[PDB]
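A.B. asks: Take a look at the following structure, please.
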Amino acid sequence: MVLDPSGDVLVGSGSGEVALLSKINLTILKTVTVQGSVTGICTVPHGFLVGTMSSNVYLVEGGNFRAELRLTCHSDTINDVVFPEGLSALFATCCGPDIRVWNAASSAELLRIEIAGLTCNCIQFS
Amino acid sequence: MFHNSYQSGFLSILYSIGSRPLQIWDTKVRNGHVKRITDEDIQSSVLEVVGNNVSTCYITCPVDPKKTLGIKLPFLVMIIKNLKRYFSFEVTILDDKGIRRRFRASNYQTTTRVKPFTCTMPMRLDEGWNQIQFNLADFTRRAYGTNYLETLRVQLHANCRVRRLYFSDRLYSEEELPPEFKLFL
Amino acid sequence: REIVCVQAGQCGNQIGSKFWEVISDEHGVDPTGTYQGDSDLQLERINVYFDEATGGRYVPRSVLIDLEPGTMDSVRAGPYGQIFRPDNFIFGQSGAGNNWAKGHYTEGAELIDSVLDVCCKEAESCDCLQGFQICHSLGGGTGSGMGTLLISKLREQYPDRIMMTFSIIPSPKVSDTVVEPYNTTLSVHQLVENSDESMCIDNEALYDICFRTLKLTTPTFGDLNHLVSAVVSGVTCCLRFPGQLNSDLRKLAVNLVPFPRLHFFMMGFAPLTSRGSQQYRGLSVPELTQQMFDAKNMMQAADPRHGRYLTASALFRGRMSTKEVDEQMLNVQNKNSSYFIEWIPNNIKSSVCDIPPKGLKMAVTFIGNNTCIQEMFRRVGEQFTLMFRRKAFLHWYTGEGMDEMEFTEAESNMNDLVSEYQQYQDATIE
Amino acid sequence: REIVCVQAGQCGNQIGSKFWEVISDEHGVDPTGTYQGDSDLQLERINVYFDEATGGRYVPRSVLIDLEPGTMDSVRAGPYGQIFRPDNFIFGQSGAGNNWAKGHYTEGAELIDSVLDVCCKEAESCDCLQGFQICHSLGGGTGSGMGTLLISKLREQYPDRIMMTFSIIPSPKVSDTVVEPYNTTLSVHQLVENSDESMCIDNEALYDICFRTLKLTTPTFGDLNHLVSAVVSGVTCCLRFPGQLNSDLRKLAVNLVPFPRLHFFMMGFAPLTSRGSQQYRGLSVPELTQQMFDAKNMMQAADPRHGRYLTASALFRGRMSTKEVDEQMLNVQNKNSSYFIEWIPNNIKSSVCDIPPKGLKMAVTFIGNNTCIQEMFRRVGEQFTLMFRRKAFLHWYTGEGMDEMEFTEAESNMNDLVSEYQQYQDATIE
Amino acid sequence: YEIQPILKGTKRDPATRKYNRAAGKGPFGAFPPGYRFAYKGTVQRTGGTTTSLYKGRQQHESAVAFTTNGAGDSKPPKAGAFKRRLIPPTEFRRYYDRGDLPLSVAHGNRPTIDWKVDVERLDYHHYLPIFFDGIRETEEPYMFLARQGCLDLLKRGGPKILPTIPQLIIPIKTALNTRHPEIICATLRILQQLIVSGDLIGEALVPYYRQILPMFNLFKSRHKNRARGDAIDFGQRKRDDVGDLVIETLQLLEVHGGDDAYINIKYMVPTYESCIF
Amino acid sequence: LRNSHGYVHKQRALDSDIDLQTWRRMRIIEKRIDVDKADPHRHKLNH
Amino acid sequence: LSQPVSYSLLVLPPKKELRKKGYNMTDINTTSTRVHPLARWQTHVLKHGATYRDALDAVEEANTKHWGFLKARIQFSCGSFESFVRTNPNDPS
Ligand SMILES: Nc1nc2c(ncn2[C@@H]2O[C@H](COP(=O)(O)OP(=O)(O)O)[C@@H](O)[C@H]2O)c(=O)[nH]1
Ligand SMILES: Nc1nc2c(ncn2[C@@H]2O[C@H](COP(=O)(O)OP(=O)(O)O)[C@@H](O)[C@H]2O)c(=O)[nH]1
């Protein structure tokens, strides 16, 4: 629950949907769906920020409410980290049901493996 | 579809009682409606297909037009109540010569006609609830002089209340039917 | 295929006089009755409106009825008045008093037998009888009451023929008579049951046609009756001349009326244009179609922009191409598609006739069935309800003998007609 | 490839009457509208300025707008007035009073929708539309306000066509109106954003043409408007007749405008000569070129010797060789090299058309883009600053409703235009 | 600043206030009295840069229905055939508020009228048209007392109902013209009760199809069955479906009408098909 | 100025106010805007 | 200050027609500023209330609408424009 500069009220739901409600009669005006349960709404001069339970942070624009994602983090005890043999630009980590591969130079991530309801314990590269 | 199934005794594909009665049926409805309503005479749920245009509103089986039922039983039995308005239905069969043929019946047809793709024929419905027993083998032999192998499409048009559609391998008396197939007033 | 005309009341007799002038001119008949025409096409269908007398003379199959002879003496003195058969003028000895009940019950039943005798004598002489044509005003007294009485009797005696009426209806802005709502309501009640086709004209629309389009400085009733005679003579043109696509009154009824009560139509006639402007624009099918659908040139107070067209008909006179007619009627239907009823795939019927009205290279008459006519009935019902709730002038009608329940029946029937038009305007495919 | 003309205000309507007389004469159209020409070459491109009416008539693609009908009534009563379509005259009920704010905001917005409706009806009738051509004065009231309003609306509605204007501008020596600086400054501010190419004329320059070159003892506005009609009909001559080197308004614009703000041009027409002198000089391309560049024959008060030519265009009419045209344009560029901008290798475009105007063996019209036009804007900006510091006559404009910020913006934009011309005049390669 | 609740479809609806102005008061009557041309910058500067990639943005304004350019996206205004109309004042409210009626309401889980006198002795000429006039009401206790009283009078009437038929047409027609679906349902149910309550009543109602049946045509297609396909409706007990009610009422009318009710119903509603032949 | 079938005659009308040039104008215009090369009902004219 | 008034689009014909004419599907990526011989310009008109945001949304809609699209142009009322191109050809997003 965060109030906008105009006076309207923002909302965040457990399903991951973010709506904007009017201060006069509480009717939906705009809506966006993001992944993960929303816990935390911020205010920026050019837009809004949304933080989720799955450690995802989105940036949305107040003009017409389109969402983009710039953050990827784990949310539980990290179990293992390894490097490939002969390569150092990337490394892989395991945490809960997820396996992720990062870029060491820019702290980005391009890979994801998810098996819901399980826990990964140890990873190794061939 | 039913090509690999066990086919003996009674095979029924429609029943008003159930979570999804129209699971394996497709609906093409304009200027009309389809719904399940409680009947006054028999005190049970029935499906209703009512529309202003007889040709446009109907329900087909199977859903995919490229599929075939593949049922080899000779008889087809319907449970239809007459609402004192137009009604019709179609059955498409296959013969041992390998020709797909149609059998259309309605209560507005002026003359019986045989053509190489269609036989059109008249029908009456008595007052109240009716059971219609249809002999595909006899009608095929009488119309085309050719043996009967299987049916591969069933259609139903407005307007008529329906409870159950099933096939049978022969005629059965009133007391020989299992309780779930016999209707009670 | 011959029509018999009946003209009733002052308005009917004057419009009839102008109509018979226009028709006698079109077939080249001298006011003495002698044929002086210049083509065999004129003579070959003269039977449709004229009976043959022994010498050179021809006589027109029309009955003139009125309750005071003043109008008949004026029309007999008119320029074509001599052509009418003397025995065809029927008149009484006291007026209608501008009262519908008097015109329907007291002098109507007294005179009607002589009118029915003349109408039967004229009808039974025909080898094959086509529909009757009646001209009258709805706001008057003998026109409304005796016209609807005679229409009811003719519908009893000839129910399989056609009954066609041209009717004058009260303007929305200025009344010519105080008791107009009663006479109009009772007359519409009679017409919706008895008539097959009824055309309605507002004198206000003819004044606006004359002033805006013809720019006449001082128009007179002769001009209004000429516009009416032009449309009346246009509807019958395909019955009596050759053409590329023949048409008939029954074919117009079959194509225009979707349901039997919806038979009230609006009218317009296209090649109206001032002598100054005529040098700047030649006649052509696009120009006629554009003027023909412009609401400025339509003879009813209701405007098409508030309703939707169920059906329309255009009758073209002249030697012209069918391609231009078909493509223009398609183009107009496509560009304004929201104003045409969607459950009919094409609402306009066309017809083409070879012989134009004299002095014009081409002409078209337009007949339209539009739901905006509901506004006129609603307005008349409102004024009727204002007067009836207060018994404003009812004692005259009750003194003639009418029961008050007739007024409530006529009001209810008109209200149901308005409801039926409103329901078909807002219908949808679903 | 047809052009639509717009004539606004007294000056515009009067110049337009003479223009349509000259064009009707060249294509042999009688003042009744009948073609009476003497060669098929006249008919095959008549569409460029005339629309085709149905019978034997032609109608001119022009819209006439004015706030009081006095001028329109004088031109309609004139000898060629009948040719104009009656529906094309748009007028109000009270004058502009030579006030820009009244002409732009109160009666402008009242009539502009009807003017745009007429312009759209004329434009959408064309099979392919070329640019618009507008004639008006900048010092007046309805000419400036409604002309610039209409120009802005047409640029919103037709941004891909060409916008060309002929404009009358205040003389440097004698004023015709006390409030000319405000109207001129606001109009030039509107034009430099909206226009693609604009020609400017001083009445004082036409007086010098009449007194020095033609030596007329008693000239009249018909002579000045004939000189203007001659140049305007000459620029478009290659659009509507065959020739050895075709040219077009868009091609002229592409060759004349180096940068979008530098679109103000000077005009001249060559075979002007007094009745006594014609026996002393035969026509030839060198004589036309010498008159073409003589400042005595230029229709603006600014003189070329204080500026430099960025570009120029010459359109020749007559039967002539391309070698003399090309070599004359080379010789003039080489001999006067200091007056031509050095970073452009060739400043003159030539065009040749086979058919001269009747009675002349040869003719040329000259269009010039010269930086000396900055001094005229500087003079107008100076007089504007003198008037504004003292709020001269300001209550009329402020009482209509204008914000003073409009005046400061228009002055600042015009001052930046004079600075931009001055910077490109003194630019160098370095 | 201030808030405005949606306040729609609730206990306090201003929608029901506009219709039936006579409602809203207490068991007794009303209480006694005392209780210019600002500069906006240079919007466009496209002059001198004309190009073929530009095209017009304004394109005049609006459109005339029958002009040369066309109607564009303009649509005609709706007539409002289904728009709710005001409820005319009723004589039932007058005679109940006055106290001249032989009845009272006996509360309970199944409501019932208690009658202060035996029904069979009533003058039905004076009562039956007054009870049918009360069907139009939409406020308690009037709806209950009127409709249940109508049913009770019809059920116990006997041979005296038949001469009353000419006087019942106006209340029946005025109830249907209100275009309130619940009033239509109540009127249709009472008509079904009336048709079978006696003998030779169906033949008497044949000449009056001109006044009753016009409202049947408008509402024969309206359905509350918004369920998708084979889903059942559990509100069937309420009998709030207009289309089924009007269809079954038409079939009951044809069957009890007599020799030539078909041609009249077929002249009123066009899509009807003969039940008997 | 016209016959029954709608054509513009050949010779000058008696006591006509228009001049010869406009008569020729009307004749050539009408011949231009005809749809057929001749009247299909010539044989039914009498004089 | 200025507001958008129109947006311009450059597209290629459908894939089957391009194959029918005989031009190769690949080899469309190049470092030169020139365009394919079959690319056609089309333009559309924005409404009065349009801003930069919804114009860019319409451009993205056109990008995801159909295959054969890498060029874009948004035109303002001041005569200026900016172009949008795909960083990687034949690859959306
Ligand atoms: N168009 C037209 N209307 C007429 C004419 N004469 C009368 N009316 C109208 O008809 C109404 C009068 O009806 P009238 O004919 O006198 O009724 P009557 O007394 O029964 O004959 C008024 O609205 C008049 O304006 C006429 O010649 N032409
Ligand atoms: N060359 C020329 N100038 C004219 C003509 N008529 C008026 N003017 C000039 O235009 C200015 C007056 O503008 P005017 O047309 O009256 O403005 P308006 O009142 O808005 O129409 C003065 O400088 C006049 O000298 C004309 O026929 N020819």
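Just so we're on the same page: first chain in the structure tokens is A, next is B, and so on; residues restart at 1 for each chain, and ligands are numbered from 1 in the order they show up.
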Determine which residues of chain F DSSP labels as alpha helix (DSSP H) from the backbone of this structure, then write them out as a PyMOL selection string.
C.D. replies: chain F and resi 20-32
A.B. asks: Taking N, CA and C atoms for each residue, export the selection above as a short mmCIF file (atom, residue, chain, number, x, y, z; two decimals), in the first residue's frame.
C.D. replies:
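Heads up, here's the output in part-v4.cif:
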data_model
loop_
_atom_site.label_atom_id
_atom_site.label_comp_id
_atom_site.auth_asym_id
_atom_site.auth_seq_id
_atom_site.Cartn_x
_atom_site.Cartn_y
_atom_site.Cartn_z
N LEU F 20 -29.81 31.48 -81.80
CA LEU F 20 -29.40 30.29 -82.55
C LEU F 20 -28.19 29.62 -81.91
N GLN F 21 -27.27 30.41 -81.36
CA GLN F 21 -26.05 29.84 -80.79
C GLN F 21 -26.36 28.95 -79.60
N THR F 22 -27.24 29.39 -78.70
CA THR F 22 -27.60 28.55 -77.56
C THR F 22 -28.42 27.34 -77.99
N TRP F 23 -29.20 27.46 -79.07
CA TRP F 23 -29.89 26.30 -79.61
C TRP F 23 -28.91 25.24 -80.08
N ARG F 24 -27.87 25.66 -80.81
CA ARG F 24 -26.84 24.72 -81.24
C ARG F 24 -26.09 24.15 -80.04
N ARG F 25 -25.86 24.98 -79.02
CA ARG F 25 -25.23 24.50 -77.80
C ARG F 25 -26.04 23.38 -77.17
N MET F 26 -27.35 23.60 -76.98
CA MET F 26 -28.20 22.58 -76.37
C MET F 26 -28.22 21.32 -77.21
N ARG F 27 -28.30 21.46 -78.54
CA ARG F 27 -28.32 20.28 -79.40
C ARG F 27 -27.05 19.46 -79.25
N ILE F 28 -25.89 20.11 -79.28
CA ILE F 28 -24.64 19.35 -79.20
C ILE F 28 -24.46 18.74 -77.80
N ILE F 29 -24.90 19.44 -76.75
CA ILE F 29 -24.81 18.88 -75.40
C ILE F 29 -25.66 17.62 -75.29
N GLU F 30 -26.91 17.70 -75.78
CA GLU F 30 -27.80 16.55 -75.68
C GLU F 30 -27.29 15.38 -76.50
N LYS F 31 -26.73 15.65 -77.69
CA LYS F 31 -26.13 14.56 -78.45
C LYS F 31 -24.92 13.98 -77.74
N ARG F 32 -24.19 14.80 -76.97
CA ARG F 32 -23.05 14.28 -76.22
C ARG F 32 -23.50 13.36 -75.10
#
A.B. asks: With chain C fixed, least-squares superpose chain D over all its C-alpha atoms paired in order and give the RMSD in Å.
C.D. replies: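 Least-squares fit of chain D onto chain C, C-alpha RMSD 0.5 Å.
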A.B. asks: Residues within 12 Å of residue 281 (chain C), please, as an MDAnalysis selection string. Count only C-alpha atoms; anything in the same chain fewer than 4 positions from it doesn't count.
C.D. replies: (chainID C and resid 271 273:277 286:288) or (chainID D and resid 52:59 85:86)
A.B. asks: Pull out every residue of chain E sitting within 7 Å of chain C, counting only C-alpha atoms, and send them as a PyMOL selection string.
C.D. replies: chain E and resi 65-66+70-71+75-77+79+81+214+218
A.B. asks: Could you save the residues just selected, with C-alpha atoms, as a compact mmCIF listing (two decimals), in the first residue's frame?
C.D. replies:
# COMPACT_ATOMS: atom_id res chain seq x y z
CA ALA E 65 -25.17 11.48 -42.42
CA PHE E 66 -25.98 12.02 -46.11
CA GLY E 70 -19.99 10.22 -45.93
CA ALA E 71 -21.15 9.52 -42.41
CA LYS E 75 -24.22 6.39 -35.51
CA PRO E 76 -27.86 7.37 -34.96
CA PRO E 77 -29.17 7.72 -31.40
CA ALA E 79 -34.67 4.80 -29.51
CA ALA E 81 -37.16 0.17 -26.70
CA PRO E 214 -47.54 -6.29 -28.80
CA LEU E 218 -40.27 -7.27 -27.61
A.B. asks: Show me which residues sit within 7 Å of ligand 1 when counting only C-alpha atoms and all ligand atoms, and put them as a count of residues only.
C.D. replies: 24
A.B. asks: Could you give me, as a ChimeraX atom specification, the residues within 8 Å of region 75-91 of chain B, counting only C-alpha atoms and dropping anything in the same chain fewer than 2 positions from it?
C.D. replies: /B:54,73,93,102-108,125-137,151-171 /E:273,275-276
A.B. asks: For chain G against chain D, which residues fall within 10 Å using only C-alpha atoms, given as JSON, numbers by chain?
C.D. replies: {"G": [5, 77, 78]}
A.B. asks: Determine which residues of chain B DSSP labels as strand (DSSP E) from the backbone of this structure, then write them out as a ChimeraX atom specification.
C.D. replies: /B:10-15,26-28,32-38,45-51,58-61,75-81,88-95,100-106,113-114,118-122,129-135,148-157,160-168
A.B. asks: Can you work out which one of G:36, G:79, G:61, G:92 has the shortest atom-to-atom distance to residue 159 (chain D), counting only C-alpha atoms?
C.D. replies: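 Going through G:36, G:79, G:61, G:92 one by one, the smallest distance to residue 159 (chain D) is for G:79.
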A.B. asks: Residues at most 10 Å from residue 173 (chain C), counting only C-alpha atoms, excluding those fewer than 2 positions away in the same chain, as a count of residues only?
C.D. replies: 5
A.B. asks: How close does chain E get to chain B? List, as a Markdown table, each residue of chain E within 9 Å, its nearest atom pair and the distance in Å to one decimal, counting only C-alpha atoms.
C.D. replies:
| residue | atom | partner | partner_atom | distance |
| --- | --- | --- | --- | --- |
| E:225 | CA | B:35 | CA | 8.0 |
| E:227 | CA | B:35 | CA | 7.9 |
| E:228 | CA | B:35 | CA | 7.7 |
| E:229 | CA | B:35 | CA | 5.4 |
| E:230 | CA | B:35 | CA | 5.2 |
| E:231 | CA | B:36 | CA | 6.4 |
| E:232 | CA | B:36 | CA | 5.4 |
| E:233 | CA | B:37 | CA | 7.3 |
| E:236 | CA | B:38 | CA | 8.1 |
| E:271 | CA | B:52 | CA | 7.8 |
| E:273 | CA | B:85 | CA | 7.0 |
| E:274 | CA | B:85 | CA | 8.1 |
| E:275 | CA | B:84 | CA | 5.6 |
| E:276 | CA | B:84 | CA | 7.9 |
A.B. asks: Could you write out that same residue set with C-alpha atoms as an mmCIF file, in the first residue's frame?
C.D. replies:
data_model
loop_
_atom_site.group_PDB
_atom_site.id
_atom_site.type_symbol
_atom_site.label_atom_id
_atom_site.label_comp_id
_atom_site.auth_asym_id
_atom_site.auth_seq_id
_atom_site.Cartn_x
_atom_site.Cartn_y
_atom_site.Cartn_z
ATOM 1 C CA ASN E 225 -29.460 -17.794 -18.744
ATOM 2 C CA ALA E 227 -24.434 -19.683 -17.913
ATOM 3 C CA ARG E 228 -22.069 -21.111 -20.517
ATOM 4 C CA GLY E 229 -23.244 -24.242 -22.308
ATOM 5 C CA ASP E 230 -24.115 -27.141 -20.024
ATOM 6 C CA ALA E 231 -24.009 -25.342 -16.659
ATOM 7 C CA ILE E 232 -27.268 -25.635 -14.732
ATOM 8 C CA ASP E 233 -29.145 -22.722 -13.167
ATOM 9 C CA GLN E 236 -35.124 -22.023 -11.622
ATOM 10 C CA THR E 271 -42.028 -15.962 -35.629
ATOM 11 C CA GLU E 273 -45.642 -21.554 -35.410
ATOM 12 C CA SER E 274 -49.031 -23.332 -34.972
ATOM 13 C CA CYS E 275 -49.104 -25.862 -32.115
ATOM 14 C CA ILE E 276 -52.244 -27.880 -33.140
#
A.B. asks: Please identify all residues of chain E having at least one atom at most 10 Å from any atom of chain A, considering only C-alpha atoms, and return them as number ranges by chain.
C.D. replies: E: 1-7
A.B. asks: Could the residues in this selection be saved with N, CA, C and O atoms as a PDB file, in the first residue's frame?
C.D. replies:
ATOM      1  N   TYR E   1     -11.259  15.471  -2.632  1.00  0.00           N
ATOM      2  CA  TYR E   1     -11.238  15.365  -1.181  1.00  0.00           C
ATOM      3  C   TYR E   1     -12.296  14.390  -0.692  1.00  0.00           C
ATOM      4  O   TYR E   1     -11.974  13.325  -0.168  1.00  0.00           O
ATOM      5  N   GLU E   2     -13.563  14.760  -0.865  1.00  0.00           N
ATOM      6  CA  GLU E   2     -14.659  13.930  -0.390  1.00  0.00           C
ATOM      7  C   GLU E   2     -14.765  12.647  -1.205  1.00  0.00           C
ATOM      8  O   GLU E   2     -14.352  12.584  -2.366  1.00  0.00           O
ATOM      9  N   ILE E   3     -15.321  11.614  -0.579  1.00  0.00           N
ATOM     10  CA  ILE E   3     -15.454  10.301  -1.198  1.00  0.00           C
ATOM     11  C   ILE E   3     -16.912  10.061  -1.549  1.00  0.00           C
ATOM     12  O   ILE E   3     -17.828  10.585  -0.904  1.00  0.00           O
ATOM     13  N   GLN E   4     -17.124   9.268  -2.597  1.00  0.00           N
ATOM     14  CA  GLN E   4     -18.463   8.945  -3.088  1.00  0.00           C
ATOM     15  C   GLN E   4     -18.544   7.443  -3.316  1.00  0.00           C
ATOM     16  O   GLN E   4     -18.000   6.937  -4.310  1.00  0.00           O
ATOM     17  N   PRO E   5     -19.200   6.700  -2.424  1.00  0.00           N
ATOM     18  CA  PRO E   5     -19.321   5.254  -2.614  1.00  0.00           C
ATOM     19  C   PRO E   5     -20.133   4.924  -3.855  1.00  0.00           C
ATOM     20  O   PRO E   5     -20.933   5.727  -4.338  1.00  0.00           O
ATOM     21  N   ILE E   6     -19.905   3.718  -4.383  1.00  0.00           N
ATOM     22  CA  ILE E   6     -20.519   3.332  -5.649  1.00  0.00           C
ATOM     23  C   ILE E   6     -22.037   3.264  -5.514  1.00  0.00           C
ATOM     24  O   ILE E   6     -22.771   3.653  -6.430  1.00  0.00           O
ATOM     25  N   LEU E   7     -22.528   2.769  -4.376  1.00  0.00           N
ATOM     26  CA  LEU E   7     -23.912   2.958  -3.935  1.00  0.00           C
ATOM     27  C   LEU E   7     -24.918   2.355  -4.924  1.00  0.00           C
ATOM     28  O   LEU E   7     -26.095   2.715  -4.936  1.00  0.00           O
TER      29      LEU E   7
END
A.B. asks: Using only C-alpha atoms and a cut-off of 12 Å, which residues of chain G sit close to chain A? Please list them as a VMD selection string.
C.D. replies: chain G and resid 51 to 57
A.B. asks: Taking only C-alpha atoms into account, report as a ChimeraX atom specification which residues of chain C lie within 12 Å of chain F.
C.D. replies: /C:25-28,36-44,241-244,279,282-285,317-324,353-363
A.B. asks: Could you pull the residues within 9 Å of region 19-21 of chain C, counting only C-alpha atoms, minus those fewer than 2 positions along the same chain, as a list in words?
C.D. replies: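 Once the adjacent positions are removed, what remains is residues 14, 15, 16, 17, 23, 24, 25, 26, 31, 60, 79, 80, 81, 225, 226, 228, 229, 230, 232 and 233 of chain C.
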A.B. asks: Go ahead and save the residues from that selection, with N, CA and C atoms, as a PDB file, in the first residue's frame.
C.D. replies:
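The resulting file, result38.pdb, is shown below:
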ATOM      1  N   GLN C  14     -58.740  19.816 -55.027  1.00  0.00           N
ATOM      2  CA  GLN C  14     -57.717  20.685 -55.654  1.00  0.00           C
ATOM      3  C   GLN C  14     -56.514  19.868 -56.142  1.00  0.00           C
ATOM      4  N   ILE C  15     -56.012  18.965 -55.307  1.00  0.00           N
ATOM      5  CA  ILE C  15     -54.895  18.101 -55.764  1.00  0.00           C
ATOM      6  C   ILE C  15     -55.337  17.275 -56.975  1.00  0.00           C
ATOM      7  N   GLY C  16     -56.559  16.761 -56.954  1.00  0.00           N
ATOM      8  CA  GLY C  16     -57.038  16.002 -58.118  1.00  0.00           C
ATOM      9  C   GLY C  16     -57.068  16.842 -59.382  1.00  0.00           C
ATOM     10  N   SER C  17     -57.505  18.093 -59.264  1.00  0.00           N
ATOM     11  CA  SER C  17     -57.549  18.991 -60.440  1.00  0.00           C
ATOM     12  C   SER C  17     -56.145  19.174 -61.026  1.00  0.00           C
ATOM     13  N   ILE C  23     -51.572  14.762 -65.881  1.00  0.00           N
ATOM     14  CA  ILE C  23     -51.763  13.512 -66.660  1.00  0.00           C
ATOM     15  C   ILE C  23     -52.330  13.806 -68.057  1.00  0.00           C
ATOM     16  N   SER C  24     -53.284  14.723 -68.173  1.00  0.00           N
ATOM     17  CA  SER C  24     -53.819  15.017 -69.517  1.00  0.00           C
ATOM     18  C   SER C  24     -52.733  15.628 -70.404  1.00  0.00           C
ATOM     19  N   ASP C  25     -51.859  16.428 -69.810  1.00  0.00           N
ATOM     20  CA  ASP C  25     -50.743  17.015 -70.579  1.00  0.00           C
ATOM     21  C   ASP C  25     -49.773  15.920 -71.023  1.00  0.00           C
ATOM     22  N   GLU C  26     -49.428  15.014 -70.119  1.00  0.00           N
ATOM     23  CA  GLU C  26     -48.460  13.938 -70.448  1.00  0.00           C
ATOM     24  C   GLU C  26     -48.970  13.028 -71.572  1.00  0.00           C
ATOM     25  N   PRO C  31     -57.957  20.041 -73.489  1.00  0.00           N
ATOM     26  CA  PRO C  31     -59.034  20.187 -72.505  1.00  0.00           C
ATOM     27  C   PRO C  31     -60.443  20.001 -73.080  1.00  0.00           C
ATOM     28  N   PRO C  60     -62.207  10.886 -67.778  1.00  0.00           N
ATOM     29  CA  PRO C  60     -61.311  10.315 -66.780  1.00  0.00           C
ATOM     30  C   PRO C  60     -62.049   9.594 -65.654  1.00  0.00           C
ATOM     31  N   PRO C  79     -59.182  25.141 -65.564  1.00  0.00           N
ATOM     32  CA  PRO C  79     -58.806  24.979 -66.967  1.00  0.00           C
ATOM     33  C   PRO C  79     -59.044  23.587 -67.566  1.00  0.00           C
ATOM     34  N   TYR C  80     -58.903  22.533 -66.774  1.00  0.00           N
ATOM     35  CA  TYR C  80     -59.214  21.190 -67.304  1.00  0.00           C
ATOM     36  C   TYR C  80     -60.550  20.675 -66.775  1.00  0.00           C
ATOM     37  N   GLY C  81     -61.274  21.485 -66.007  1.00  0.00           N
ATOM     38  CA  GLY C  81     -62.502  20.996 -65.346  1.00  0.00           C
ATOM     39  C   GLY C  81     -63.546  20.445 -66.298  1.00  0.00           C
ATOM     40  N   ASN C 225     -49.387  21.695 -55.086  1.00  0.00           N
ATOM     41  CA  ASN C 225     -50.159  20.638 -55.768  1.00  0.00           C
ATOM     42  C   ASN C 225     -49.430  20.154 -57.019  1.00  0.00           C
ATOM     43  N   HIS C 226     -48.548  20.965 -57.589  1.00  0.00           N
ATOM     44  CA  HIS C 226     -47.752  20.446 -58.724  1.00  0.00           C
ATOM     45  C   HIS C 226     -46.698  19.450 -58.239  1.00  0.00           C
ATOM     46  N   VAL C 228     -46.950  17.557 -55.605  1.00  0.00           N
ATOM     47  CA  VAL C 228     -47.713  16.324 -55.292  1.00  0.00           C
ATOM     48  C   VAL C 228     -48.127  15.596 -56.580  1.00  0.00           C
ATOM     49  N   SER C 229     -48.606  16.329 -57.577  1.00  0.00           N
ATOM     50  CA  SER C 229     -48.999  15.681 -58.845  1.00  0.00           C
ATOM     51  C   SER C 229     -47.793  15.014 -59.509  1.00  0.00           C
ATOM     52  N   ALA C 230     -46.612  15.596 -59.344  1.00  0.00           N
ATOM     53  CA  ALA C 230     -45.389  15.004 -59.923  1.00  0.00           C
ATOM     54  C   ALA C 230     -45.078  13.646 -59.284  1.00  0.00           C
ATOM     55  N   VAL C 232     -47.199  11.718 -57.569  1.00  0.00           N
ATOM     56  CA  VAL C 232     -48.342  10.803 -57.813  1.00  0.00           C
ATOM     57  C   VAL C 232     -48.249  10.226 -59.229  1.00  0.00           C
ATOM     58  N   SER C 233     -47.959  11.075 -60.207  1.00  0.00           N
ATOM     59  CA  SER C 233     -47.840  10.600 -61.603  1.00  0.00           C
ATOM     60  C   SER C 233     -46.575   9.767 -61.806  1.00  0.00           C
TER      61      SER C 233
END
A.B. asks: Within 12 Å of chain E, which residues of chain G are there when counting only C-alpha atoms? Please give them as a list in words.
C.D. replies: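 Residues of chain G within 12 Å of chain E, counting only C-alpha atoms: residues 1, 2, 3, 4, 5, 6, 7, 8, 9, 10, 40, 41, 42, 43, 44, 45, 46, 47, 48, 50, 73, 74, 75, 76, 77, 78, 79, 80 and 81 of chain G.
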